[PDB]
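In the structure tokens that follow, a single protein chain appears in two forms: structure 1, then structure 2.
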Structure 1
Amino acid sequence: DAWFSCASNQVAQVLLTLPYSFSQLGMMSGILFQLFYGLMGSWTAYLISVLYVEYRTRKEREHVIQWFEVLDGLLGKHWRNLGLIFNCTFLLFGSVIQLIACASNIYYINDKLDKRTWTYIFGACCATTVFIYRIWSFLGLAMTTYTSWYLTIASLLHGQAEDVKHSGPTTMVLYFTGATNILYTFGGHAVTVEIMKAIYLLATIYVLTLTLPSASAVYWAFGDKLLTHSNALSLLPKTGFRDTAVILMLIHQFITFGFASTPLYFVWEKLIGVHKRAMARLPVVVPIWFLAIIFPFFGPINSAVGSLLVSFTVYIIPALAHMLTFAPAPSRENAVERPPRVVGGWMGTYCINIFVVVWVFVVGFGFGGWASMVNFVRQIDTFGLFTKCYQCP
């Protein structure tokens, strides 16, 4: 069940926008960033797992565990608050992106209504999730594998046009936007759901089979035209398989929205003390619906969220927590699970954590963050806020 979870927790959302980042980065840089960020995501997932195990063992020596609870148990209350805020904001923006993707996908099969009306309808539809897993874990694997291997097969059949030009990396802003989009792509394994290793690393290598051939085949066939089309289904010819992929993606995004709204809603209920009940969750829906309408961007929003929220939520905070919790010598002496010998032991783990923090801050948040924000403002200037249809001819 663990493998099924990580397969489509956060890969389906970014699968359609991957060719956009590939075109922004070039083929070589895109592949290299994909591999590097897959490795980094697997490492951060391992760090989170070991932290969870350590916290559980410490609690047992003297419900469902949550990341903020782990931080509270290990480091302190300040880290608890930091992790709670970051996780809540990340979930809110993930829901926003899910609604945006739902509207963008549903537009293509039925283009009678502009994207704005579609997001209105979908926001109204998901407002009913307030009134509202293991079995669906397998299903999500099946609905994302079809899309990943439909973009590859369909794109190759389409072939290269007589005038497609692969510009490659032309501006630093676009390059770093694509890099941050990949970073966001590989921030799904760190999701704390489905927590009781090299065996679990086989989940990320599988995710690399969905993302590598799909992004390389779509970008290769359509050249640099992907820059103006964040959603890869716009360029592909209309066919029954495209409609099947759109329907599967819509179902996946709707179910993921419903499932990932539960923790944010629980946190809101605890904060407000409500613990008839639909009214309490209404004010939480309002920010999500408004954000999707005002910023219907499909790829730029992914890049901005990955740069600002994910970079700290799933990359820097886990590394800092692992470094600080095990900093005392007694903590390492009584460690429940020693680091694997293949990664250099304690010295290697600390060096890797330092490198991860430095990288995700200098280029994962500074260069990447600046580039993503500049691109977001550029799209705001181009299509304007409350745009009727984002990237629609």
Structure 2
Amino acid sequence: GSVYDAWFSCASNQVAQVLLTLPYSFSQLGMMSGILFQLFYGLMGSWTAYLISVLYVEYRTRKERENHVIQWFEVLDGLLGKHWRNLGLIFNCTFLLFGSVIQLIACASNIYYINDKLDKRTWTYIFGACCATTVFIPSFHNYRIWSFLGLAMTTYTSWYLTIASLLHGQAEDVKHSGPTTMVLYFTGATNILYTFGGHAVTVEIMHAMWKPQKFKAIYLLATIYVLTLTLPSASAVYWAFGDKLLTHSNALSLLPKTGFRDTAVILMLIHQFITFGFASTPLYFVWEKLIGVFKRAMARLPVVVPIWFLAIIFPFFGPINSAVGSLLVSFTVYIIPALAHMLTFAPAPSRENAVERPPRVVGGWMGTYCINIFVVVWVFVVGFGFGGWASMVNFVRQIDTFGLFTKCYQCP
């Protein structure tokens, strides 16, 4: 519950499986573009985390003026009308569902690389069956105390990727094509957008804190550490391997098979299972609320059926990240929080009586509003329009190439 616990939670939650697909995005963007996009989207994610923190603090203070777990849709209801609550709930639930699908696909892809006898689709079957047991757990929340473990797995995997890439060097056939076409560039930009943001579960972690008013610096440090992890691994992998990453979205596929790779795969699988549980628990909560409900185990069974069907039908490890990042994340973690922050404080009485004043360095309310407008416009233009179009055209291209219900997606 202390500051360190919150930092560990919000640093381990930042990247779970996208760490492997980042070099794939670099294969489309390049070095300079990739690094710039990573830094810019890390700053944007930190800013949106601060916006969510101030919104949650205002809502909690207003509620206290006149236990349970405070969720994002509840905060939106408290600070605005019911239509805002409906929009936030729908977008958050859809994003969490697709994120759970992504984490299951990543688990199947990772497990495929330590036991190649079984294709990736059978691994998806078995991992869906195994993760169906997540319904039994009452709530994966309040168990986040073991987040330092996941942070250790993430940092070890990143440093292993960096070291292995540096040791492997470059072959004579390595060619850094760079930004070949706009579609791939925007798909990579959308993937980097997805990599950061907090994933609409920032409020859940922030609730545990004794004093949530200091979440801004904690999230800033967590995201700067996550950047320090992401930049070297992706940079090394790209510089070493080059355009060959397009045909292999998963970084571990290209690296030589060794004990270190097996340990990294196992640790990433454990981390992805934990992250899937964390992301699916809110869906179970919402389903329980809607349906009116150890009987909960069978009530939550229909919740995992959509996840299982989406993983098998669309096992694309790379393109799915961009699709979710453009269609859902761009509105769930980047636009909705900013719009809510702008609207709640738009009235003068609300702005004057704000519980926490805007940061002095930014420039007060004017600077905060300007940054919110910039965030909204940028995420809507590059994160949704161009990013969404590029991601979806890439997705349909992959559907046409590998087919539907593809077996061992990218299994050369």
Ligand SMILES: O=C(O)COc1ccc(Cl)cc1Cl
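All residue numbers here follow the sequence of structure 1, with the first residue given the number 1. Take the two forms, find the largest set of C-alpha atoms that superpose within 1.5 Å, and that set is the rigid core.
- Of the two forms shown, structure 2 is the one deposited with the ligand bound, while structure 1 is not.
- Once you line up the core between structure 1 and structure 2, the CA of 188 is the only one from 188, 83, 140, 94 that shifts by 2 Å or more.
- We note a C-alpha movement of 0.7 Å at residue 126 between structure 1 and structure 2, with the rigid core held in register.
- Comparing between structure 1 and structure 2 on a rigid core frame, one finds that residue 12 has its C-alpha moved by 2.3 Å.
- Taking the rigid core as reference, the CA displacement of residue 282 between structure 1 and structure 2 comes to 1.4 Å.
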